[PDB]
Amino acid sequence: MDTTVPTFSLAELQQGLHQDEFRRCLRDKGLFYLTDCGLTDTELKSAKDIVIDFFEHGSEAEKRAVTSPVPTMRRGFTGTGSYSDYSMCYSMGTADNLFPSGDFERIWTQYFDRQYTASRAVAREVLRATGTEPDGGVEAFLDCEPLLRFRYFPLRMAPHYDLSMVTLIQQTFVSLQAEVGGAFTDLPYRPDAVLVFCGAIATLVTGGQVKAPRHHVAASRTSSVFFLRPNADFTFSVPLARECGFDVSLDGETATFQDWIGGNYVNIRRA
């Protein structure tokens, strides 16, 4: 099997092209670069510059007003010095965001919207290619709880798989590596595309038709990670979950995402 990380044009997928190739990719690899999805280097650049600015030229006070009382990295700014001197982060979602100023909010709301739109659209194709209809319908499933995290830096990360439906990654030596065909392959930047990692929820909802590839950071740079995560009430078949590898401890025939993962979102699971 070719261990190459494939690339797909979202527009072409929406047009019904490369359906066999896309299915095979999802099943055998669970990752790919996505082009023509409204996300390019330009957009990244705009949000990139304004956030970096804040990181470097932002005061401790301004950063304070955009720092959550709990260091959950869910919203706002996150960090003998601190760990920001190791890496700084900025997170946001559909609501309850913390923006340092006018120009920042405009650029980042726009950026998030594009990321969310692309994520839902590719996730939509993942569902169609596998003939999947989530309990409660597709749109209810995709109107979910995304989380966008941007990190600016000055092994690093253990091998894990994501627990999202899909995860979209943009970046600026190749850091990120993912397991393909039984070996960790390089995942370099593509100014013209976004890197897509399928997560465990894609595996679950499609009844195991989608692989959730393990990945990690090999030993300055920025990364934008967008987790498309299901709602707490996303429901699925327990017996089906058991059929594709989930070691669930759930009584009954049906369960929710909340029943399975608990009361706090968990984005990754080490492997």
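Residue numbers run from 1 along the displayed sequence.
- According to the PDB entry, the deposited sequence contains 4 to 9 residues between residue 172 and residue 173 that lack coordinates.
- In this entry, residue 154 and residue 155 are separated by 10 or more residues of the deposited sequence that lack coordinates.
- The deposited model assigns a higher average Cα B-factor to 39 to 47 than to the other stretch when 39 to 47 and 22 to 30 are compared.
- Here the stretch with the larger average CA B-factor, out of 183 to 191 and 119 to 127, is 183 to 191.
- Ranking 225, 244, 217, 228 by Cα temperature factor from the entry places 217 first.
- Of all the options 78, 110, 164, 94, the entry's greatest CA B-factor is assigned to 78.
- Annotation for residue 68: C-alpha temperature factor in the middle third relative to the rest of the modelled chain, per the entry.
- Ranked within its chain, residue 135 lands in the middle third, by CA B factor from the PDB record.
- For residue 268, the recorded CA temperature factor ranks within the middle third of the chain's modelled residues.
- Residue 99: CA B factor lies in the middle third for its chain, per the PDB record.
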